[PDB]
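Peer 1: What follows is a single structure, and I will ask about it in a moment.
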RNA sequence: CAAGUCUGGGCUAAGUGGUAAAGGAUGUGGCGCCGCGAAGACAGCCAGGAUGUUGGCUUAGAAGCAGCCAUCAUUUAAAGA
Ligand SMILES: [Mg+2]
Ligand SMILES: [Mg+2]
Ligand SMILES: [Mg+2]
Ligand SMILES: [Mg+2]
Ligand SMILES: [Mg+2]
Ligand SMILES: [Mg+2]
């Protein structure tokens, strides 16, 4: 449906693809290049999702519920500036300390909330990137 | 004839027949337009409060198992349910009614021990007979 | 499984005669003879008409489905047997009616004057679209074929005479 | 053109007969096996097939569908970034 973005880290850029293309999209853009600009302000770039909605007429909808899947990754986790040939070298290795509860922010909506869920969800473009990282030394069944 | 493990741990796991006593049990399908109802894929980490599969597998032959008396709501057998939080909170947590949110959810069959019919209208429309039972403390005979 | 040969068709305002090698349908829109095989009893019943076959071997089965679908089709025939869209996409291209006859222009040094054969009737409401009123089925599907064949429908460009779908367009 | 339009059973629709092979083929008839199926198979058709997502790597952008690739991981009737 009605979906696109506005980014990258701070000092929002409505560039030729990122917000001047608001015509037959929502079109009240003088005061709402400013009510999103505190909803992606002072957070830091790694991905920062943008949720945008549909209407009968012209304005006023929600923003986002979580920035996962490469974000709580390349702040300090997994040292994952995960260099080209995406990496069978350990471009950076961790455990589930900067992955599992760095974001219980994940819990708004990925449909599974208890944390072997959206924790290991975001260990998808983090953990299985070549070096499937680790959640433990493999629980020791007994 | 594998009778595939799709039937084996999904043939009830003999659960909800013995789980959240296996009766009061009632109406309403294996699925229609997927937008709305919800706590679909959200009942905290499971779908312990919904179901998964298989009208032909269980309901045709599963058996009589585990009960409470007779019947009859609106109609009879084609697709059914799973929960502990029945008639009162069966409907402050799910499946509002008439038509519904999405486009008008449809049909099923029940059996508890409260003697009678439909299960939609009088029993299942956020009926607060919990907050209208401090109405009975002086009713029907008192001076 | 589930063969097109031996279901049972339909009633209600239509006739049936069974000559030994032809069935005469003759419903409200006109009549249709059906040349039919002289094997295959075609037995008529109450408001239905089944066909059974003398053996169950590969060569008798193919003839069975055919002669069912051949009759059934003549029964929807004598009730709303017409069809066939012909949306005329492309720029200079416009069809129009004159007489009982269709005259369409799809970019030659002349318009092409089709005339309708019997049991066929031309309609061009909204002249980038032209429908074929037909009783038969197969004469209908033919005259629509022929009409379409006059212009392309390329294949590099959305101009020509189109049935339905198909943006094909190679580049 | 002398003597069977002889008698029973089945095959072939090519005028094969009245021919030339590797090789091919839902021609056709017959004998087998094996897979899946009335706790419901194969056709169809009815319904749904995602999110965070843009996967990362490259990048006016590839956001499955320009790609070289880690192609995840939950979830779940069921859905491959
Ligand atoms: Mg002689
Ligand atoms: Mg003879
Ligand atoms: Mg010859
Ligand atoms: Mg020859
Ligand atoms: Mg050979
Ligand atoms: Mg064969």
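Readers should treat all values here as calculations from the given coordinates under stated rules, not as data from a laboratory. When we count neighbours, we look across all protein chains shown, and the Cβ atoms used for this are built from the backbone with ideal geometry, even at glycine.
Peer 1: Ignoring solvent entirely, what values of log10 I(q)/I(0) come out of the Debye formula for region A:1-65 at 0.26 Å⁻¹ when each Cα is a single scatterer?
Peer 2: Evaluating at q = 0.26 Å⁻¹ gives log10 I(q)/I(0) of -1.38.
Peer 1: Kindly provide the Kirkwood hydrodynamic radius of chain C in Å, to one decimal, from all pairs of distinct alpha carbon atoms.
Peer 2: Hydrodynamic radius (Kirkwood, Cα only) of chain C equals 18.3 Å.
Peer 1: Kirkwood Rh over Cα pairs of region C:82-157 into Stokes-Einstein at 37 °C, 0.692 mPa s: D in µm²/s? Show your work: numbers first, answer last.
Peer 2: Values: Rh = 12.6 Å.
This corresponds to a translational diffusion coefficient of 261 µm²/s.
Peer 1: Per the helix-only calculation at 222 nm, which mean residue ellipticity applies to chain B, given -39500 (n - 2.57) for every DSSP H run of n ≥ 4 and division by its residues, nearest 500 deg cm²/dmol?
Peer 2: Taken over chain B, the calculation gives -500 deg cm²/dmol.
Peer 1: Calculate how large, on average over all directions, the projected area of the Cα convex hull of chain B is; give the answer in nm² to one decimal.
Peer 2: Quarter of the Cα hull surface area: 10.7 nm².
Peer 1: Take every residue in peptide B:34-43, count the Cβ atoms of other chains within 10 Å of its Cβ, and give the average of those counts.
Peer 2: 1
Peer 1: Using alpha-carbon positions, what is the distance between the centroids of region C:43-68 and region B:1-57, in Å?
Peer 2: 46 Å
Peer 1: How far is the Cα center of region C:115-134 from the Cα center of region A:71-91, in Å?
Peer 2: 67 Å
Peer 1: How high is the FRET efficiency between residue C:146 and residue C:22 when r is their beta carbon distance and R₀ equals 25 Å, given to the nearest 0.05?
Peer 2: 0.40
Peer 1: To continue, here is another question. Calculated FRET efficiency, residue B:50 and residue B:133, Cβ-Cβ r, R0 35 Å, to nearest 0.05? Please list the in-between numbers first.
Peer 2: On the way: r = 30 Å, r/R0 = 0.85.
In this case the efficiency is close to 0.75.
Peer 1: Between C:27, C:99, C:119, find the one with the highest GNM mean-square fluctuation for chain C; connect C-alpha pairs within less than 10 Å.
Peer 2: Answer for the Gaussian network model of chain C: C:99.
Peer 1: If each of residue C:109 and residue A:79 carries a label point 7 Å out from its Cα toward its Cβ, how far apart are those two points in nm?
Peer 2: Simple spin-label model gives 8.1 nm for this pair.
Peer 1: Write down, largest first, the equivalent ellipsoid semi-axes of region C:22-118 in whole Å, where each equals the square root of 5 times an eigenvalue of the alpha-carbon gyration tensor.
Peer 2: Values: eigenvalues 330, 55, 25 Å².
That gives 41, 17, 11 Å for the three semi-axes.
Peer 1: What is the P(r) of the protein assembly as shown, as percent of Cα-Cα pairs per 20 Å bin from 0?
Peer 2: Pair shares across the bins are 15, 25, 36, 22, 2, 0.
Peer 1: For region A:26-142, what is the per residue volume of the convex hull drawn over the alpha-carbon atoms, in cubic angstrom? Spell out each step's value before the answer.
Peer 2: Values: hull volume 15.2 nm³, N = 117.
For region A:26-142, the hull spanned by Cα atoms encloses 130 Å³ per residue.
Peer 1: If you build the convex hull over the alpha carbons only and average its shadow over all orientations, what do you get for region A:66-134? Give it in nm² to one decimal.
Peer 2: Mean orientational projected area (region A:66-134, Cα hull): 4.0 nm².
Peer 1: Can you pull the percent of Cα pairs in region B:1-73 with separation above 18 Å? Mind dumping the intermediate values first?
Peer 2: On the way: 1307 of 2628 pairs.
Across region B:1-73, Cα pairs with separations above 18 Å total 50 percent.
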